[PDB]
Amino acid sequence: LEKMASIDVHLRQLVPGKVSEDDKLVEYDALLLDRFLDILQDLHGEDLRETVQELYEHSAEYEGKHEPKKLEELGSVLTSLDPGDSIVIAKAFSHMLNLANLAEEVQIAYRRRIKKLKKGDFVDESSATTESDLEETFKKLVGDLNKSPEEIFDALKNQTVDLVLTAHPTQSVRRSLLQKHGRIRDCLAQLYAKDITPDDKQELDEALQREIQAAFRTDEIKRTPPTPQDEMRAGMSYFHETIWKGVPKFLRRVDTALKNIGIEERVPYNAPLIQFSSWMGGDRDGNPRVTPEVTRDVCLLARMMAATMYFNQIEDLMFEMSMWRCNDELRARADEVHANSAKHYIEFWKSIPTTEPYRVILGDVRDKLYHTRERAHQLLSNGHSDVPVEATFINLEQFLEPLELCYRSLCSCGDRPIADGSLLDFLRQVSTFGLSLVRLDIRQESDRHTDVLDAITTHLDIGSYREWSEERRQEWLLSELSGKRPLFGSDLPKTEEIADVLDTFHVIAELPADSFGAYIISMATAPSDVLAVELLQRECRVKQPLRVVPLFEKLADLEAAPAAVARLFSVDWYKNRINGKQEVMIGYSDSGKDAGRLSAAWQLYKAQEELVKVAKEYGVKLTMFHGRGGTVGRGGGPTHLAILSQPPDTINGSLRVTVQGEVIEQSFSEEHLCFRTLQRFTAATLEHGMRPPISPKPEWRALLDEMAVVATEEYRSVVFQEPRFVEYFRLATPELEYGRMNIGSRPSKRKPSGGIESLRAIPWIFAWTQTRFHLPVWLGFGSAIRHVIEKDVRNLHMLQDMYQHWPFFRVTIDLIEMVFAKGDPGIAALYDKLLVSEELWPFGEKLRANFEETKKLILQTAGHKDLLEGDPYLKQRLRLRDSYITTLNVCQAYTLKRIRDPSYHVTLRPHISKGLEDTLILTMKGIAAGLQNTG
Amino acid sequence: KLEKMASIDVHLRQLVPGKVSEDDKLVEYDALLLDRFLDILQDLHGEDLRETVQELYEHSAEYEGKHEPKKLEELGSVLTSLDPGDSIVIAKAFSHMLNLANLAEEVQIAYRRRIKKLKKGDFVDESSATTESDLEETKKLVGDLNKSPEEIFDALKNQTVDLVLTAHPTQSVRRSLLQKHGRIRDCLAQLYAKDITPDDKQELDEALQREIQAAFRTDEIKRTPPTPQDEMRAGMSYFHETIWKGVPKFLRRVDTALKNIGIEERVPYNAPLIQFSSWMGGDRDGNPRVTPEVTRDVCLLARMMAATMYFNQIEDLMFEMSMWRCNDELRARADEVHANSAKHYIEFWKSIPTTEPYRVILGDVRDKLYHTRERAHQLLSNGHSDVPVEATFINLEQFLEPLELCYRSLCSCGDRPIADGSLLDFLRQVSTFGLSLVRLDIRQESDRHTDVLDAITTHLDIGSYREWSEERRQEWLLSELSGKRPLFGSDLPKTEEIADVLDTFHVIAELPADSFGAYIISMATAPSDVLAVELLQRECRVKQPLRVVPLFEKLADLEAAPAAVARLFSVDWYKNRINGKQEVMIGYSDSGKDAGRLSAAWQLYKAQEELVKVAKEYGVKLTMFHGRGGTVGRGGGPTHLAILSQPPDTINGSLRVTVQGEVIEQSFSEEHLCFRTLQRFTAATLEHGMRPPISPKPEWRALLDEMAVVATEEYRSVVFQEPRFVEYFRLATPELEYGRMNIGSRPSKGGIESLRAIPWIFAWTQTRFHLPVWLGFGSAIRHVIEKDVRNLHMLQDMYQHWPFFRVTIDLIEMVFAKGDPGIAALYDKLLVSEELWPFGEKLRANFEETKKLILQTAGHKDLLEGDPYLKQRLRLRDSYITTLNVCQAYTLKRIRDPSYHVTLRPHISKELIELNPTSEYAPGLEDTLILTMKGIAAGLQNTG
Ligand SMILES: [Cl-]
Ligand SMILES: [Cl-]
């Protein structure tokens, strides 16, 4: 059985050298592949195994030389498969790619950081191999920038990093597949431990094989496109995985780094340096499956999960807390708490004596936690309770109070060191996660509020709020918000939508405030959009209303935004309600859909500038919320510089970022990866506050203004002006199939009869990411760089200066370069050859030419001769995914030809040992998991 | 001025000079912990207190080095001059330091590397963990003995090792202080990882100090002398600690070794290679706090704990079990289970779909486990439930069936590798721990059954069951078991004791059979003692009666025992009821109390031989139960040879041994220690079954018979014939205080005969004298050397080639290492009348004489010449124990004698004096005595 010998050779040929000396990646991939193929042979036979192996080898050869004959060989083998074999080949390559991801994670987590590889400037911050850890970030602040330790500590207390978890654009993988990937991960890790006994290594190998098989033999589809509750259950797995234990870990690391620059204090245990907000169950923009009851469900479920974890933590806390010396205050509370009726610790002690006061108060807290979970479960499954809300914790201060009393008492008696053990960790978990783990954001279009108000104004015989000018709207809204009479009653004609909006507000009002983050207005354009939501919030009896966050999507909206926000601050009611804090959302991906990526990038930098001017004029603490698609939305290293790149004083101690679904596994599945994520967000925010990026030279801004004009011209002329574009888009791309399939819970368009305009941004990016072409990400960059080079050769020297010294520009170009690394025009041409009308082929040929030109221009701007010349580790990792993703591409393209065209009969082969829709879904989820994030 | 660290480094390095390997980091560990502890002591009670404590430790270490009595005089001088507050803090301090020494010991043993080049090639290698045979090396069977692997596999399938957890003779330390000891051990371990970053090392250092202080600031007294339920709760900590996870780990390792000798199968998941029995809540011998309700309590509690652990484990199982292809039988069972109402996993899935059949059956099992815990908690807390018995698992096969269905189904579809993961671990845990984790044994005196039958015969006007000869008793008991009429009713004059015995039988009758192991008759002497218990079991309507196990204590009982068992097998009713299985219990410590240690050891070897003869004559599978005090009761390595030492065919695939309380932490607190415990028990059993120790040469037998006669004579002449022995014992030893304080129960059942064996051993272990273990050996070896110049060469032959004799001598040698006559003399000087002084003097001479004689027999010039690692660890504990001894002796003089005024010193710094307010003796003297007792106890661990 010497077949294992071949795959080592093809792997070593795919990535030639070693990117370090702990570079064990090719070994890891070879081992996983060998064990997996042995499993495939043992489950489906020697013939199936030989076919799959020949396919992988061919794919490796293609990713080597990019010879199209290799692709035709792949096609020949794949078409000759009846759907039965097609499912097994597609499934198999999916799992193989997943294993490659696992090895990637292990390599990254245990790679040794090389201190002699730092150059000393900001470029070091674009890779995990050279980024500044927390303590290096401190020394930089204290050395170069002359900031005192006191100032660093004070800045830290007041800083908040808020990570927002979003429902996966496709597969938010089963809560069980995290677990299996974990076991494979850990087995791989220990097999290479330089301290392993032979029998331990044997049992580890058997566990590895057993779990690879365990993953290959579970189905990946069926049932419902899981209900929002199910997808939310999946999203919360990472709290069990790493974050719950990981947060006190990281915060204690902050304590140590502080001591090493002379600060004796710890970060206060009630300071919110870390926060988690979620969209799962709250985003309704173009997603009707998210009902008011869905939101109530994910809220109560969240409070349940939190109560369980606090409950199980407090028992180890209770064993720890066996001291007897205590405060007079704590002694009082213990003798008081002793006056009551101890059922949840009979296995531990018959009862708790008053000679163990901490155990008394903590056992009471354990009881209240129990009653909290039971009440939440009752309301979720029934609608009423019987658990008195007074027998539970209903707000965070009731919970923090006894714990803080313990900490005070322990410190009084000279027992602070015990306090900084399990007790401090526990307080830090309470303050970070609260009673809900996450705080749900709500999102809805502005137009739906227009509808609700139009029915309100029609029912009151005032006219139609939709016909009114923006100023008439503003005036009416102001008068009502200033007044004291309610607005409407049960007597109100409600369409299903209008009832949906009002009912959403009612459920928000029926739940504790600590469950909710922000109310987000999609397609916001004018101050009346924010005022609308504020009034609807008030007249629906929301006691403590949510902060309203406008989301400026289109480009014109972005130009009009700073006037709009200034106008909002100049109105007394909004100024008095916000309390000196205002949050605005920008959608890098959305704006990109409107006007191409380059113009959306430069416009967002400028718009953030003007917003900060306004927020300083009127004295509010502005917080920019970064939607899906940005530079700060990438995985790992690059985030560190993306954050540092943002315009000065747009962060101001409060960073709110979306952790895209495609990146969350890579960023939180493993102890080390999670630590370094929390670390680089915390450290980068802190540095950017005291060391803002350079301000751009005027010639740079003038140049980018030109390039923005040309780029939007090209992008809009191709995507919107070309009359035969959308026909091509529906042929050369699986957009229609994605819309009809059970992949995402969302409809792809806002009006089924509309063009590219009504198509949502997420399907736009996905459709072209499946074909390894990525047109939405780079289109426009070509004609911009071309235009300025022809106007004068010396502008290329200016662009290269910009790439070398202006962080913003470097991170924009870098993202593009990375997306090109995941691109292959050859595969796009194969989709063309099978799926596109012959008279439409030159269209594709021309666009691919545009591709190659833009790539050449991007490489020249970054001063590179190869893509990702600066990040060879990332280059290696992606080149290794390429070999599986390509097979999933060819399979997808022929499956499309077969699905769309029942007139394409193929000479099948005999079925291969112990249906086209399922194969297509597999190739989609696979390529999706392989390409991860682009734009 | 913090160069006190140089002082403790120098004293430590003098205490243990060399290296016993090169991964020998023990003195490093001890210095590091001690330094952090002393700094904490200074920051809590002041610089002066810290300097006092450090000076005391240095003096103690210098003493354990050169044994100069001046050092003892210095320690005493400082200790008498402390007011009770400072005496409490000094005593507590040294207790905690000794504990830290034990933790460092455990880490060093767990990570010491076994040296393959150090094996000598014979059985002596089996007396230390550093050279013993692992599972696979016990390959030995295949080489030397030419046994086929198939025969080894069959032997292993049928082998059962039954470890019995017993209540601690003193402090089975709070489930809370064990935990802190765990955090300290782990912190120590990770500080020495060769890949740890500087920030990691800083945070680990602070975590260690934090937990040392946290342990120092917990009280070690107060509350109740814990109820038997509390002691049982504490005893069950080790299942959560290591054993629950440890059993599937060990069994899988067995699987690997079997693969490594060519066997393709695994050990069947339902074969009981490991079992755990318990006495906590069932031994009532001289312990009236153990009531019927106590037994009902610990039974129900155990079933609760088991249900909780299965419940939490089965959720990881449910996530794992996401397969879809399955057996036809399993698909059926899944569709069947789908017809019902999914509450215990709303956080995981809204409900479980039928395309995940395994998850369906497993979710049902999770439901049934939940209801089992709730019903047990209800019965314990009320007396009734409302949980239908049909919704819980009441016997183990109900539980096993659906899991086995999953395993079968998974194997059907070629998913055996998935089956051999979390599912196999779960099946193995089910089979090993069952629904109770442990099985409770019950124990009671024979005389207490005699009372019950005597009141019965008096109530029926037949005579007094007490007056009847052993054969008249036998006769009546036989006719009654043959009969069909019940024996008694509510109309029966019951003393309080008799009500206790009958009520215990009724409670046994009310509980499931999986809860109970064996009924053990203390002071068994004759078959009528067993027949009484069988008859009481039947007439109290115990549906499935317990197996009855006689415990033959005294020497004459041991000679008479095989006659009794032969007569018992020769009775038709008993022969058919036992079903070919008989378990007999020996108490190495009890027999030791009767006739000296040597005579009890040899007599126990011979009596086991004769019992094997009887069991073959009548075809019964005999099972010997080793009570406390044995060679097989030691910690770690030595156990391996002790088991191998047993007489041929006395084990026969069924080993039952007592895990003494003082040893349990050393054997089960840490992952590796647990693995090697289970491994040496399993491997020793398997090997001894197929490779019996050599049979003894006839001259060795005759020689040991002689020595036993002399030794018993000396021992009894001192302990029972000297009229002033009992007077001395109450002066030179804290026996009266041990009984009068709060530890244990009742020591007397009169003189030393009515004194229980455990307080007998304890009293003389506190004063580092150990008279019960060695008394008699001196005069025996002296007698045989004078009888003939050559007998010493024969004894040395025995020590080198007869495993039994080697392990007896070896245990003695270890006990002497924990001995020090100087300290005993100090106890004399402070506590014993002057006209009694020569008595102790003469006794001490025997000690020294016996020591020299043991040394010559073992071919040694120093104690423990063969086990320098153990010598090092003991040498190191002794430096704390000695200070605790002096403190104890002066505290005794102060307690017994209110006319002993001492020039006290000014109180040091901030109090512990006021945690015992209702004390009849001085403010801090009671607690100080208790502290020294618990301390010295934890320092000397096991002797005899
Ligand atoms: Cl109880
Ligand atoms: Cl639900």
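What counts, and where the lines are drawn
- Residues numbered from 1 in each chain as written, not as in the entry; some residues may be left out.
- Chains lettered and ligands numbered in written order.
- Part of a larger assembly, values for the part shown.
- Heavy atoms only, no water.
- Residues with missing side-chain atoms left out of burial classes, pairs and counts.
- Helix = DSSP H or I, 4+ residues; strand = E, 2+ residues; numbered from the N terminus.
- Rg over C-alpha atoms; globule rule 2.2 N^0.38 Å.
- Core = buried A, V, L, I, M, F, W, Y, C linked by side-chain atoms within 4.5 Å.
- Buried < 20%, exposed > 50% of the residue type's maximum accessible area, 1.4 Å probe, protein only.
- Contact = heavy atoms within 4.5 Å.
- Salt bridge = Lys/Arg side-chain N within 4 Å of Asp/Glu carboxyl O.
- Pairing = 2+ DSSP bridges.
- Axes fitted to C-alpha atoms, helices over the stretch in contact; angles between N-to-C directions.
- Nonpolar A, V, L, I, M, F, W, Y, C, P; charged D, E, K, R; others polar.
- Expected span 1.5 Å × (residues − 1).
- UniProt positions renumbered as here; feature names shortened; annotations may be inferred.
- Disulfide = S-S within 2.5 Å.
- Polar contact = N/O pair within 3.5 Å; in protein donor to acceptor, adjacent residues only side chain to side chain.
- Parallel < 35°, antiparallel > 145°, perpendicular 65-115°, else oblique.
- Left-handed = near helix turned anticlockwise from the far one by under 90°.

A.B. asks: Looking at this structure, I do not really get the overall build of chain B. What am I missing?
C.D. replies: Of regular secondary structure, chain B possesses 39 helices and eight strands. Against the compact-globule benchmark of 30 Å for 944 residues, chain B has a radius of gyration of 29 Å, which places it among compact chains. If you line up chain B on its principal axes, its C-alpha atoms span 85 × 80 × 65 Å.

A.B. asks: For this particular structure, what's the right way to read the overall build of chain A?
C.D. replies: The secondary structure content of chain A amounts to 39 helices and eight strands. In terms of overall dimensions, chain A is globule-like: its C-alpha atoms have a radius of gyration of 29 Å, near the 30 Å expected for 935 residues. Over its C-alpha atoms, taken along the principal directions, chain A stretches across nearly 85 × 80 × 60 Å.

A.B. asks: Just to check I follow, could you spell out the nonpolar core for this structure?
C.D. replies: Generally speaking, nonpolar side chains in soluble globular proteins are found buried as a group. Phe239, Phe276 and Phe399 of chain A are the most contacted members of the largest nonpolar core, which has 161 residues in total. No other element matches the 14 residues that helix 12 (residues 292–320) of chain A contributes to this core. With residues up to four places along the chain from it excluded, the contact list for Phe399 of chain A reads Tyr310, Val365, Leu369, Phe393, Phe426, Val430 and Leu435 of chain A. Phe433, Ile456, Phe552 and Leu622 of chain B belong to the second largest nonpolar core, which has 151 residues in total.

A.B. asks: What's the story with the pattern of salt bridges in this structure? I'm lost.
C.D. replies: When the charged atoms of two side chains lie near each other, side chains of opposite charge can form a pair. Within this structure, the stated rule accounts for 129 salt bridges over all chains. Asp162 of chain A is the salt-bridge partner of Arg656 of chain A, the closest N and O atoms lying 2.7 Å from each other. Each member of the pair, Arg656 of chain A together with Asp162 of chain A, is buried. Across the salt bridge formed by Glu848 of chain B and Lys851 of chain B, the nearest N and O atoms sit 3.2 Å from each other. Here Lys851 of chain B and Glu848 of chain B lie together in helix 37 (residues 837–857), a separation of three residues that amounts to about one turn. A residue is classified by how much of its surface remains accessible, and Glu848 of chain B, at 31% relative accessible area, is partly exposed.

A.B. asks: Whenever I open this one, the sheet that holds strand 6 (residues 581–586) of chain B confuses me. Can you help?
C.D. replies: Sheet strands associate in pairs through backbone hydrogen bonding, adopting either a parallel or an antiparallel arrangement. Residues and elements named next belong to chain B. The strand order 1-2-3-4-5-6-7-8 describes a closed barrel built from eight strands, whose pairing is parallel. Strand-to-strand twist of the sheet, defined as the mean angle between neighbouring strand axes without regard to direction, takes the value 25°. Of the strand pairs in this sheet, strand 1 (residues 160–165) and strand 2 (residues 274–278) are connected by five bridges, and their pairing is parallel. The residue bridging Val161 from the neighbouring strand is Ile274, located in strand 2. Of the strands in this sheet, strand 1, strand 2 and strand 8 (654–659) touch helix 26 (residues 661–668), which is tilted by about 110° from strand 8.

A.B. asks: What's the story with the sheet that holds strand 2 (residues 274–278) of chain A in this structure? I'm lost.
C.D. replies: All names here are of chain A. Read around the closed barrel, eight strands run 1-2-3-4-5-6-7-8, paired in parallel fashion. Here the strands of the sheet are splayed against their neighbours by 25° on average, with no regard to which way each runs. With two bridges joining them, strand 5 (residues 547–552) and strand 6 (residues 581–586) adopt parallel strand pairing. Bridge pairing in strand 6 links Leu551 to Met585. Packed onto the sheet, helix 24 (residues 597–617) meets strand 6 and strand 7 (621–626) and runs at close to 160° relative to strand 7.

A.B. asks: What is the right way to read unusual backbone geometry from this model?
C.D. replies: Across the chain, the bulk of peptide bonds are trans and the bulk of non-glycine residues have phi less than zero. Backbone geometry places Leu437 of chain A, a non-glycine residue, at a positive phi of 65°. The phi dihedral of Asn652 of chain B is positive, around 60°, even though this residue is not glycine. Mapped onto the elements, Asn652 of chain B comes out in the loop between helix 25 (638–645) and strand 8.

A.B. asks: Help me understand the interface of chain B and chain A in this model?
C.D. replies: Accessible area lost upon the coming together of the parts serves often as the stated size of an interface. On the side of chain A, 54 residues touch chain B, which itself brings 60 residues to the contact. Elements with a contribution of two residues or more to the side of chain B that touches chain A: helix 2 (26–45), helix 8 (175–191), helix 9 (198–216), helix 10 (228–235), helix 11 (237–260), helix 12 (292–320), helix 14 (357–381) and helix 16 (416–433) of chain B. Top element by residues in the side of chain B that touches chain A is helix 9 of chain B. It accounts for nine residues. Of the residues assigned to the side of chain B that touches chain A, the class counts are 16 nonpolar, 14 polar and 30 charged.

A.B. asks: Hey, could you run me through helix 14 of chain B in this one?
C.D. replies: It helps to recall that an α-helix has 3.6 residues per turn; residues three or four apart then point in one direction. The first and last C-alpha atoms of helix 14 of chain B sit 36 Å apart over 25 residues, in line with the 36 Å expected at 1.5 Å per residue. Of the residues flanking the end of helix 14 of chain B, it is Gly383 of chain B, one or two places downstream, whose phi is positive at about 140°.

A.B. asks: What's the story with the UniProt feature "active site" in chain B in this structure? I'm lost.
C.D. replies: Residues and elements named next belong to chain B. Within this structure's numbering, the places UniProt gives as "active site" are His168 and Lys593. Its place among the elements puts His168 in the loop between strand 1 and helix 8. When neighbours within four sequence positions are excluded, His168 is seen to be in contact with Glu231, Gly661 and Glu662. Within the fold, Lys593 resides in helix 23 (residues 588–595). Of the residues examined, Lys593 reaches a relative accessible area of 9% and is grouped as buried. Setting aside residues no more than four positions away along its own chain, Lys593 makes contact with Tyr715, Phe720, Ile752, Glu753, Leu755, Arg756, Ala757 and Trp760.

A.B. asks: Looking at this structure, how should I read the state of the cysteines?
C.D. replies: Applying the stated criterion across every chain, the model contains zero disulfides over all chains. With no disulfide of its own, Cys540 of chain B has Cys299 of chain B as its nearest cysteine by sulfur position, at a separation of 16 Å.

A.B. asks: I keep staring at the side chain of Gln229 of chain B and nothing clicks. Help me out?
C.D. replies: Residue and element names in this part refer to chain B. Structurally, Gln229 is set in helix 10. Classification of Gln229 by relative accessible area gives buried; the value is 13%. Side-chain polar atoms of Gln229 contact the side chain of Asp297, separated by 2.7 Å. For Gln229, the residues in contact, after removing those within four places along its chain, are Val294, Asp297 and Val298.

A.B. asks: Would you mind showing me how to read the packing of helix 33 (residues 777–787) of chain B against helix 37 of chain B here?
C.D. replies: The relative placement of two packed helices comes down to the angle between their axes together with the axis-to-axis distance. All names here are of chain B. Across the interface, helix 33 lies against helix 37 with an axial gap of 8 Å and an inter-helix angle of 55°. With respect to helix 37, the element helix 33 is oriented oblique. The two elements helix 33 and helix 37 meet at a crossing, and its hand is left-handed. On the side of helix 33, the interface is formed by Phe777, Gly778, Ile781, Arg782 and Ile785, while helix 37 contributes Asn846, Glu849, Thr850, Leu853, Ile854 and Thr857. For the contact of helix 33 with helix 37, a count of residues per class yields five nonpolar, four polar and two charged.

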